[PDB]
Structure formats: C-alpha cells, structure tokens
Amino acid sequence: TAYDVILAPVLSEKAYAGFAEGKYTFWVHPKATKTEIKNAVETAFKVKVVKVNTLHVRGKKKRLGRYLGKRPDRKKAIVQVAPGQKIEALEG
Amino acid sequence: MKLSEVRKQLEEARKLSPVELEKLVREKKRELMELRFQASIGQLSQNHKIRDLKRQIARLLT
Amino acid sequence: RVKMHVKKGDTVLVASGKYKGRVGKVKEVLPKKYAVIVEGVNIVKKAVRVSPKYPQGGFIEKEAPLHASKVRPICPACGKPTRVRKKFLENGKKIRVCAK
Amino acid sequence: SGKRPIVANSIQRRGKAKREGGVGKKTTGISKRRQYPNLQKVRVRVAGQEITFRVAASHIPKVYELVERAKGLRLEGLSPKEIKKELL
RNA sequence: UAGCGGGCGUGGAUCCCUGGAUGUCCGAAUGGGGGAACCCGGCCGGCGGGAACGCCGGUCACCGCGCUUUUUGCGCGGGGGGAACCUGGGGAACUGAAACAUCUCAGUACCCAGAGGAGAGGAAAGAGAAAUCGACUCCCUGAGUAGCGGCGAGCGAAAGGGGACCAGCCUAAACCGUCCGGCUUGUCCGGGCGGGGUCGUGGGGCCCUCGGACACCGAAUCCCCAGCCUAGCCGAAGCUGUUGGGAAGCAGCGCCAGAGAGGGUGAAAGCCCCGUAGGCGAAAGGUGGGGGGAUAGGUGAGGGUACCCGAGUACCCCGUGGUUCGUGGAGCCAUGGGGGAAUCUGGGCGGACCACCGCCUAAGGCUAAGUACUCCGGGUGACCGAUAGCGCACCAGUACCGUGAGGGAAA
RNA sequence: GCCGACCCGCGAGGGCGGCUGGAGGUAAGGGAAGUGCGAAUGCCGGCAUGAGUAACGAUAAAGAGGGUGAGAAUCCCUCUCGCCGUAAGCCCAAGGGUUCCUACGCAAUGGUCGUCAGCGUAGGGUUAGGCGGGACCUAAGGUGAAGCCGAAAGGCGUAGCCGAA
RNA sequence: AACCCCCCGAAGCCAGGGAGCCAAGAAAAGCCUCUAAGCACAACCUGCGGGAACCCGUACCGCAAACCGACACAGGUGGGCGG
Ligand SMILES: [Mg+2]
Ligand SMILES: [Mg+2]
Ligand SMILES: [Mg+2]
Ligand SMILES: [Mg+2]
Ligand SMILES: [Mg+2]
Ligand SMILES: [Mg+2]
Ligand SMILES: [Mg+2]
Ligand SMILES: [Mg+2]
Ligand SMILES: [Mg+2]
Ligand SMILES: [Mg+2]
Ligand SMILES: [Mg+2]
Ligand SMILES: [Mg+2]
Ligand SMILES: [Mg+2]
Ligand SMILES: [Mg+2]
Ligand SMILES: [Mg+2]
Ligand SMILES: [Mg+2]
Ligand SMILES: [Mg+2]
Ligand SMILES: [Mg+2]
Ligand SMILES: [Mg+2]
Ligand SMILES: [Mg+2]
Ligand SMILES: [Mg+2]
Ligand SMILES: [Mg+2]
Ligand SMILES: [Mg+2]
Ligand SMILES: [Mg+2]
Ligand SMILES: [Mg+2]
Ligand SMILES: [Mg+2]
Ligand SMILES: [Mg+2]
Ligand SMILES: [Mg+2]
Ligand SMILES: [Mg+2]
Ligand SMILES: [Mg+2]
Ligand SMILES: [Mg+2]
Ligand SMILES: [Mg+2]
Ligand SMILES: [Mg+2]
Ligand SMILES: [Mg+2]
Ligand SMILES: [Mg+2]
Ligand SMILES: [Mg+2]
Ligand SMILES: [Mg+2]
Ligand SMILES: [Mg+2]
Ligand SMILES: [Mg+2]
Ligand SMILES: [Mg+2]
Ligand SMILES: [Mg+2]
Ligand SMILES: [Mg+2]
Ligand SMILES: [Mg+2]
Ligand SMILES: [Mg+2]
Ligand SMILES: [Mg+2]
Ligand SMILES: [Mg+2]
Ligand SMILES: [Mg+2]
Ligand SMILES: [Mg+2]
Ligand SMILES: [Mg+2]
Ligand SMILES: [Mg+2]
Ligand SMILES: [Mg+2]
Ligand SMILES: [Mg+2]
Ligand SMILES: [Mg+2]
Ligand SMILES: [Mg+2]
Ligand SMILES: [Mg+2]
Ligand SMILES: [Mg+2]
Ligand SMILES: [Mg+2]
Ligand SMILES: [Mg+2]
Ligand SMILES: [Mg+2]
Ligand SMILES: [Mg+2]
Ligand SMILES: [Mg+2]
Ligand SMILES: [Mg+2]
Ligand SMILES: [Mg+2]
Ligand SMILES: [Mg+2]
Ligand SMILES: [Mg+2]
Ligand SMILES: [Mg+2]
Ligand SMILES: [Mg+2]
Ligand SMILES: [Mg+2]
Ligand SMILES: [Mg+2]
Ligand SMILES: [Mg+2]
Ligand SMILES: [Mg+2]
Ligand SMILES: [Mg+2]
Ligand SMILES: [Mg+2]
Ligand SMILES: [Mg+2]
Ligand SMILES: [Mg+2]
Ligand SMILES: [Mg+2]
Ligand SMILES: [Mg+2]
Ligand SMILES: [Mg+2]
Ligand SMILES: [Mg+2]
Ligand SMILES: [Mg+2]
Ligand SMILES: [Mg+2]
Ligand SMILES: [Mg+2]
Ligand SMILES: [Mg+2]
Ligand SMILES: [Mg+2]
Ligand SMILES: [Mg+2]
Ligand SMILES: [Mg+2]
Ligand SMILES: [Mg+2]
Ligand SMILES: [Mg+2]
Ligand SMILES: [Mg+2]
Ligand SMILES: [Mg+2]
Ligand SMILES: [Mg+2]
Ligand SMILES: [Mg+2]
Ligand SMILES: [Mg+2]
Ligand SMILES: [Mg+2]
Ligand SMILES: [Mg+2]
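Residue numbers (the numbering used here), protein chains in the order written: chain A, -12 to 79; chain B, 30 to 91; chain C, 15 to 114; chain D, 432 to 519.
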C-alpha cells in the first residue's frame, strides 16, 4: 500500500511551470499526510523530497439533462525534490 | 481463462508465501500506478491493462 | 439467465413478414432485446455516420435485427420445433424427428 | 419513588368529592391524583459501614430481618453500595 | 448506455442460488472529543534514515450478572432498529348529552418502557346452583338479554351451548447429608450446593408393615431422517394458398390435448415463440419431531405421628381501581394508609350479614397449539387505468416551501 | 374524434351515411355500481379580458470616431462630458459556495439590445512551523464519573471534559 | 534616478504610564518559583551542532447584481483605512 498515495501527475501549464525548478505536483489520495506523500514519492521515484505542499481541489459541479451533478474531490500535493534531482518519468 | 492459471501459481507463491503474497502485490501495484500514469497522459494506454491488473491484485490479495 | 431461446450462431428459416420464406445463417443473436440477425430485414440508413472519425461511414443497408420469434431452426426436414434430449452424459437438441 | 424490600411504586388514583345524603341520594365532582408510599430512611449497621435504605414504613422490619440474614454472610473489603446490592 | 478506446467466452465466460472474502467514514457508535460522516490520543507490534513526524495492524466506552484474593482481572450478556400487530406504566379534548358539571367520547388519541415471530393468558383459594363443570386463549351463540345509568344521553356483561386448539410442568416449607462463617463451641444459627417435596377424592415430611425389578409411560431438550425454502430442468401437436406493409385474418386439408390458463410475434395463433397440464431437481445454507431414536423426568397400598404446606400476606378498616356495578343492599379481584393472624379444629368463595350446605386451596415461577398483524414473497379480482390508482407508473418523499418540526408537487 | 338538411323515439337516446382514426369492441336477456354537473367566492389545467395599456426599479448624463461582428444606442478601444471620493474607493469578519481565469457560445436568464455577462460547454485556478483554527487555556453556558431527585421518558449536579472576537 | 532638508502631527506605540472618581471594575494555562513521590549514570537548566515540524482554511463576492429581503429589489448587514 504505497503506490496508492500517488494518483497521477497533474498536467497543466502551471504544473509544468515548476518542473523547471524542483517542483513536481500531482494528485495524491485525499487522506494523505505530507509526511506520507513524502515517504511515498520518495520510495516511488527514488528521489529525496525536501518539501511537500498540499491543497484540496473542491470538485466542481457539472451536470447533464435534468440530472444535477457533483465531481469528486481531490488533493494536489506538490513536491520539492532535493537540489539537482529530477524525475524523467514526469519530464515528458 | 486468466483466472485458473494465475491463482494456482499464486499459492505456488509458497516458497516464501505470505511474504510473497505481499512482495508480489507491491510489485503489482507499482505497475498499476505506472499504468495509470501512462493512462492519464493518454499517449501510452489501451484500457483493460488497468482492470486486469486491479483484479490480479484482488486475487493476489487473497 | 432465462433470457435464452430458439437459436444461436447457426442456420435458420424466416417465417416472418417481409422476408417470409428466406433462409440464412444467423450472424447475430442479442437476447437483451430478444432479436436475432440473419440477412432478412436489411434496410437503408441514409445516415452519413454518428462519430466524426472515419470520414464516410455508409448508407449501408445494414441487417435490421429480427424478433427472435420470427425465425425457426432447421435440418434435413426444414424448419422444426426443437426437442431437448439427453445423451449418456449431456444435452443435445434433437429436432421434430431428426437431430442436431 | 419506591424500591427496596418494599417494592411499592406510587400509584395514581382519583379523589372524587361528593355532596349528599346516603338517605336521599348522593352526588359529586371527580378528579385524578397521586397516592404515595409512606417511605422512610433506614440507617443501619451491617458489617462495616452505615448502609441506608429508602423504604416503606410498612416494611421497616424486613430490613432488620435482612440485617440478620447477613451475619451469616461473607463480606468486608470496602463494599458500602455493594453490601446493599448483596442484601437478598 | 449508445459512443470513443480496448477486452473476455464450450480450457464453459456473462448471469442466477449457497457459503466465504474484502468492507474507508458516520451512525447504538463504544479510546477521547465533536457542530453525524470530522478532530485528537494511551498501550503493544510494523513501515520510512526514523528519536522528533507520519502512516499501517491490533487493542482501550458504559452497565448488568457470574467467577476471582479487597483488587487487577476473565467470561457470558445488554445498548440500537423494526410497517402493523402485542403487553405494561401514564392518558386527553373536541364531541354526545340538542346548555352543562356526573356521565359520554375512551382507557380511545397520543407519550413512555418492554416483548417478538407474535404478544398476552394459562393448569382454579375458578365457575354458580346442576349433589354440575374442570387450564388458557380465538370464533359462533347466549344478548342488546342480566344489569349499569344526572334510571338522562348512553353503557353493557357472565355461566351455558356450538366450534378451533389441545398439555401439562418446576419449585418454597418440613426432613436428611454436606461445605463455608458468625460466634456466647451449641444436638445452633445463618448463608450456598445436593437429596427429598409439590397436592384438594387434601397433600407432603418423618416412623412402622407390604411384591417389584427385567413393569411400562415419556417430553416442550438433544440427535438422524423425510418433507419444504433459497438456482433450475423436461414438456405434446401445422403446412399450403390467399388479402395485406405485416397473418395469427379468410380458405383447404391435418394434428395435439392430464396441456383450449395467460402472454408475445408487423392484425385476430391450442399446433410459431414463452408458457400451460403432468413430472423431475440441491453440493451448499435455512427450515424441519412429520417419521425415528435417545436422554431429563415420572408412576404403589395401610397404619401412627400432628413436623410442613409460600407474611407485613390473609384478615379488618380508611382512600381508590377493575367488573355490567356511577356508593348502591355492594360482594368479588387489585392496592396507597393504619392495625395484623393461623398451617388443614388451617384458610378463601358461593353479591351486605348469620346459620346451614357446597366449591376451591392465596400470598413463588414456566408452558406449545388454536389468535393478532403485513415491512416482505406470491396468487386472485362483476379493483384503478395517468385530474384514476399509492403522495410517487416518470430519477419522489424528490423539486420547491419553511429557522425547524414539517409541508410536498408536476411530469 | 369531426359533419349531416336522412331515418326511428314524446324525450333522455338509438340508428345510417361521409371524413379522421388505426386495435380494439361486447347482441338478445339478466346482474352490479366510484353511473349523467352550469353554477358550490368549488378543485386541477388550459386559454381569454383589461391592452399593445401601467410599467421597464433612484433625475449622477451624455456625445462622437474607430474596431468587432449575420446583426450594435446597448460589446472592445479612443477622445470629450458627468457622478462618488468617512465613498459610490481599499482591507478584514460573517454568509455565500466556483460566482475566479481562460477558450468557445447566445436558446433561455439579463425588465430593451446583446457579439456582452455574474448565463450555457470545457479546461485551468486556492501551495503556510511563523496568518487563522486544531495536536494550548479558561468565560457564560453546556456536558457530567460521584451523588441527589423523578410513574417512564427525564431533572439537578461535584471532579473532570467541551465551550472564544 | 534622486532617495535631503524643514514643519504639522495622532484616538496608534512605549503600556502592566500618570491623576481623579465610585458604580469598585473575568477566569485558567503559558511563564517564574517551591518543594513531594521518584530519580541524582537520571533529570532539569544555557550554548552549539545535526535532525524533525503534522491536520483544516487560503479562489471569488463581501454596504452588495455573489450575504438577509420570492427579483441584477432605492431596504438591511460587525471591524480597519478613508488623501
Ligand atoms: Mg455553471
Ligand atoms: Mg406467422
Ligand atoms: Mg442514624
Ligand atoms: Mg403496619
Ligand atoms: Mg474475516
Ligand atoms: Mg464506524
Ligand atoms: Mg467516536
Ligand atoms: Mg500519537
Ligand atoms: Mg508505532
Ligand atoms: Mg539507520
Ligand atoms: Mg476488553
Ligand atoms: Mg480459592
Ligand atoms: Mg429491541
Ligand atoms: Mg391496536
Ligand atoms: Mg354537548
Ligand atoms: Mg347540540
Ligand atoms: Mg349536534
Ligand atoms: Mg395504555
Ligand atoms: Mg425480540
Ligand atoms: Mg402462528
Ligand atoms: Mg406464545
Ligand atoms: Mg408471561
Ligand atoms: Mg397449582
Ligand atoms: Mg389464577
Ligand atoms: Mg364428574
Ligand atoms: Mg334528567
Ligand atoms: Mg364503557
Ligand atoms: Mg382452524
Ligand atoms: Mg380459525
Ligand atoms: Mg431441588
Ligand atoms: Mg431446617
Ligand atoms: Mg442442614
Ligand atoms: Mg466430609
Ligand atoms: Mg428434586
Ligand atoms: Mg439395574
Ligand atoms: Mg418416548
Ligand atoms: Mg381428420
Ligand atoms: Mg393469440
Ligand atoms: Mg438438475
Ligand atoms: Mg422433488
Ligand atoms: Mg410442526
Ligand atoms: Mg425407549
Ligand atoms: Mg428412570
Ligand atoms: Mg393415617
Ligand atoms: Mg394492608
Ligand atoms: Mg373478603
Ligand atoms: Mg368503580
Ligand atoms: Mg367500585
Ligand atoms: Mg350516582
Ligand atoms: Mg363473603
Ligand atoms: Mg392494602
Ligand atoms: Mg351465598
Ligand atoms: Mg356451616
Ligand atoms: Mg405483500
Ligand atoms: Mg402482495
Ligand atoms: Mg398521479
Ligand atoms: Mg396529466
Ligand atoms: Mg411504488
Ligand atoms: Mg427558502
Ligand atoms: Mg368512427
Ligand atoms: Mg362482456
Ligand atoms: Mg347475478
Ligand atoms: Mg359520486
Ligand atoms: Mg362521481
Ligand atoms: Mg352544478
Ligand atoms: Mg369575488
Ligand atoms: Mg390581452
Ligand atoms: Mg394613456
Ligand atoms: Mg408610459
Ligand atoms: Mg432610469
Ligand atoms: Mg449634481
Ligand atoms: Mg453613443
Ligand atoms: Mg480589425
Ligand atoms: Mg467584420
Ligand atoms: Mg465588416
Ligand atoms: Mg462615517
Ligand atoms: Mg454556475
Ligand atoms: Mg483574484
Ligand atoms: Mg440571448
Ligand atoms: Mg433579451
Ligand atoms: Mg428585472
Ligand atoms: Mg463578436
Ligand atoms: Mg460573434
Ligand atoms: Mg465582441
Ligand atoms: Mg521560512
Ligand atoms: Mg496527529
Ligand atoms: Mg449530592
Ligand atoms: Mg479544559
Ligand atoms: Mg539548535
Ligand atoms: Mg489566498
Ligand atoms: Mg445595501
Ligand atoms: Mg434572495
Ligand atoms: Mg440594475
Ligand atoms: Mg450600521
Ligand atoms: Mg483621518
């Protein structure tokens, strides 16, 4: 149970913005600590994280026909990898 | 058919076994993640690879 | 379950309506609708196509599924009710008097 | 309230005022009302501890009789409420 | 639920029944908190470099009963929910009386606690007039009778008779053995366990005399089975013309029937399809004395003895409730206050009371069936057919409306 | 269902014909009822009248050139003009809950118009040891082991616990 | 780029300032101190070095067309700045 905190990378000009610097932001699992997003991405991309930042993404409400919706909630965490390091895995 | 084969071989995970029920699972999951990363970027996934994996793991998790 | 019936991928006569008489391989059976496909009702869809991909998609006079009841299965003597008979082990379907 | 050897709730029963002969007729004014257990505290010795006892005057005795029963009863080791539980 | 993108199935996929697994968070909600679905911990393990940080597995609420050396502990149980039914505690008013107060509405509405596939009640201290009946509950009847009643409005039994169902048991006390502790060491006193005992033609204890074991009776408990429930499966007999967009219509000649219920198929089908009659089926779970077996238990006659036979109880009086009974000649049952017995030369009842005669054995408990209901499944309708029928045939207890309880559509 | 100048009936009705409709209907003779509506300031729905009428929600106020666009008084730009300026500007808190930013778009919403929008579709967007709150404290108050009281439900209540601008 | 002089100047700051008055003006933790049990190889205290530091909010509106008023309603809405 570890490739479970990491969900998928966030893909957005703004996400990319910080690849250049040391900053990889991705969708984590909503109940994850920063203490865990850490030991997670650490044992997952074989880097050292010096800094995790998080924020919830209250899910917007879409709709269709009369049927009135509500998209699921989320939690970007954004990791600042030890100096110099990188994650080719993401740098496409 | 995918069942019979794997599951039999899966108690066959009994050299080391629960330890391996486990080890295997861990590896299985990294695959799922690698797989849904490929999934999200689009230009690297073809579907059921996903389902099939998740369920390996439900079985593995047994 | 239960949704099962008359035939399956095989050979069949159509005692229907438009194609009363015609005989053919049932290239299709969908039970959720209760409808088979032979080469009977095959009407014309003026339609370009639904999905933009593959620019052109066909006026194709494709095979319009049938009420699975208007077709009957068939052997040496053509078109028979089906009987079910048990071998020495299993279940094979003899016909109005023949077999298969 | 009620409990103890006693076992007697307060019951409610109506008090009906009448105006009359007996020897010409006899008439009224009825109306409900509560009717209580005469009920008193019974402090009492019993092993160590003073144990006490909300109970019906009518049954004060049964307590004393039940203090007796308990001479022939094994108890000490700090049990003030518990003693009472033990009685009967 | 089409589509985009991909897969799986006679190496029996989907799917249906059965058992298992997993089962975040909240909710009795139980480690603590809290503004339900959030927050914060202690302990023992584990994870990361891991002490600080975080996460993962386990565990920690409270109450009652039992066991345990006070205790710390250990086990068994409780908590919350449920359409209606049921039982106990509490309990109205409109209204009726053509005002109204007794009375009525009604022990209804409701609130509360509890019970459960039911619940209650239940083996006579009974009935009530026959030297009769013989637990309880339910239906018919008795009977709108007997009675109750500002004898107004109204209310309104029982016994008996016909039915359904059918079943009877355990104990307390004397008496004996025991173990424990209290002490004034006593042939005792008390508590616990065992035995013994369970009734009204009175019964039991104890003491004498006698034939009972191999007698037979036998569960409401337990064991096996049948049967049933939860998936299923088999199932008879038709083809050609013909009008038609379409036959199942019309026509011609056939056949089936333990099946001519019903549904569908391009319209109007026994023979096309699904069924129907008839008949078959369970590895697994549930049910199951209906059949069988076993165990717990149970069963004798006479004589003497006067030891025992359920206490703040009977009983009496005061205050009330129940009953057909509204204080009435007012018993019976129940009980808040006061006084307060006896153990069969005992007690209770038979409508004040007394005498006679007769009935029954209070003050401990348990007991199936017959009965009630309908959230649930099915079957049927001189039941509805979208302003009807459930509020809802439709994504409805929704939208919307209200702080909230709550109201509540349309389609 | 629509039409009829025909037929029968005292009448409520029935019949016949034509057109629509497109899958049910139900003699003679009987049976049973949710059985006949014009009114209930009736209930539900539809649609009228008033009437192209009153209004278009502060009398702070406009004008022009250019652009966009099928279409501009009404959108963008420019210049001129006017109004607020202890506000009609700016930052907190509450409540609100994606209304933020882009891109495409105008059926409806916008009291006119709309190319615009706070509107429709889609994608993005909210980063904290140090700000605020919690792993701190206590207030009224609440809860509440003990304890007290109450037919039941429950009431009061110590320690403690919860509770903050 | 310059970033300098002079003046006005708070109700804010120093803050637990001062004076007068009567109506006589929260608690608890932090913090400091005292010791008890217990420990004195601990443990507290100061410095330095290395390490560790979670959870929730954070958009936007906010005297209003985004809150309360069925409405882009002349109403209503606490605090700060307000040349
Ligand atoms: Mg929207
Ligand atoms: Mg046909
Ligand atoms: Mg005293
Ligand atoms: Mg007395
Ligand atoms: Mg398990
Ligand atoms: Mg839970
Ligand atoms: Mg909790
Ligand atoms: Mg912790
Ligand atoms: Mg740990
Ligand atoms: Mg190490
Ligand atoms: Mg425990
Ligand atoms: Mg011992
Ligand atoms: Mg319950
Ligand atoms: Mg009832
Ligand atoms: Mg009246
Ligand atoms: Mg009247
Ligand atoms: Mg009247
Ligand atoms: Mg009651
Ligand atoms: Mg129950
Ligand atoms: Mg029954
Ligand atoms: Mg019962
Ligand atoms: Mg009972
Ligand atoms: Mg008896
Ligand atoms: Mg009785
Ligand atoms: Mg007799
Ligand atoms: Mg009168
Ligand atoms: Mg009455
Ligand atoms: Mg019967
Ligand atoms: Mg019956
Ligand atoms: Mg015994
Ligand atoms: Mg004795
Ligand atoms: Mg003895
Ligand atoms: Mg001995
Ligand atoms: Mg015995
Ligand atoms: Mg023997
Ligand atoms: Mg037997
Ligand atoms: Mg013939
Ligand atoms: Mg038919
Ligand atoms: Mg079978
Ligand atoms: Mg069978
Ligand atoms: Mg039976
Ligand atoms: Mg036997
Ligand atoms: Mg025996
Ligand atoms: Mg004798
Ligand atoms: Mg008395
Ligand atoms: Mg008497
Ligand atoms: Mg009375
Ligand atoms: Mg009376
Ligand atoms: Mg009277
Ligand atoms: Mg008498
Ligand atoms: Mg009494
Ligand atoms: Mg008499
Ligand atoms: Mg006599
Ligand atoms: Mg039903
Ligand atoms: Mg039903
Ligand atoms: Mg309706
Ligand atoms: Mg309608
Ligand atoms: Mg329904
Ligand atoms: Mg509202
Ligand atoms: Mg017609
Ligand atoms: Mg008919
Ligand atoms: Mg009839
Ligand atoms: Mg009517
Ligand atoms: Mg009507
Ligand atoms: Mg009318
Ligand atoms: Mg009017
Ligand atoms: Mg008009
Ligand atoms: Mg005018
Ligand atoms: Mg005008
Ligand atoms: Mg104006
Ligand atoms: Mg002016
Ligand atoms: Mg202009
Ligand atoms: Mg241009
Ligand atoms: Mg242009
Ligand atoms: Mg142009
Ligand atoms: Mg001002
Ligand atoms: Mg929106
Ligand atoms: Mg902004
Ligand atoms: Mg528009
Ligand atoms: Mg407009
Ligand atoms: Mg408007
Ligand atoms: Mg434009
Ligand atoms: Mg345009
Ligand atoms: Mg434009
Ligand atoms: Mg910093
Ligand atoms: Mg924490
Ligand atoms: Mg007290
Ligand atoms: Mg506190
Ligand atoms: Mg340091
Ligand atoms: Mg911000
Ligand atoms: Mg305003
Ligand atoms: Mg509003
Ligand atoms: Mg406006
Ligand atoms: Mg103001
Ligand atoms: Mg100023």
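Note that the Cβ used here is the ideal one computed from N, Cα and C, for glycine as well.
Residue i classed as buried or exposed, judged by whether at least 16 other C-beta atoms fall within 10 angstroms
i: residue 468 of chain D; result: buried
i: residue 443 of chain D; result: exposed
i: residue -7 of chain A; result: buried
i: residue 461 of chain D; result: exposed
i: residue 8 of chain C; result: Here chain C comprises residues numbered 15 to 114, so residue 8 of chain C is not present and cannot be evaluated.
i: residue 18 of chain C; result: exposed
i: residue 436 of chain D; result: buried
i: residue 57 of chain C; result: exposed
i: residue 51 of chain C; result: buried
i: residue 471 of chain D; result: exposed
i: residue 24 of chain A; result: buried
i: residue 43 of chain C; result: buried
i: residue 503 of chain D; result: exposed
Boundaries of the alpha helix (DSSP H) in which residue i is found, first to last residue
i: residue 32 of chain B; result: 31 to 40
i: residue 76 of chain A; result: Taken as a continuous stretch (DSSP letters only), residue 76 of chain A belongs to no alpha helix (DSSP H), as it is neither H nor E.
i: residue 79 of chain B; result: 78 to 89
i: residue 38 of chain A; result: Run containing residue 38 of chain A: none in the alpha helix (DSSP H); it sits in the beta strand (DSSP E), 36 to 44.
i: residue 504 of chain D; result: Premise fails: residue 504 of chain D is in no alpha helix (DSSP H) and is neither H nor E.
i: residue 0 of chain A; result: 0 to 4
Cβ-heavy atom distance, residue i to ligand 4, below 6 Å
i: residue 441 of chain D; result: no
Bridge-paired residues (DSSP) for residue i
i: residue 20 of chain A; result: None; residue 20 of chain A has no bridge partner.
i: residue 33 of chain C; result: Residue 33 of chain C is not bridged to any residue.
i: residue 465 of chain D; result: D:443
i: residue 81 of chain C; result: C:49
i: residue 72 of chain B; result: Residue 72 of chain B is not bridged to any residue.
i: residue -10 of chain A; result: According to DSSP, residue -10 of chain A bridges with nothing at all.
i: residue 471 of chain D; result: D:486
i: residue 128 of chain C; result: In the structure as shown, chain C starts at 15 and stops at 114, and residue 128 of chain C therefore has no counterpart that could be examined.
Bounding residues of the beta strand (DSSP E) (the contiguous stretch that carries residue i)
i: residue 64 of chain A; result: 61 to 68
i: residue 10 of chain A; result: 10 to 15
Distance between beta carbons of residue j and residue i, contact taken as under 8 Å
i: residue 86 of chain B; j: residue 58 of chain B; result: 7 Å
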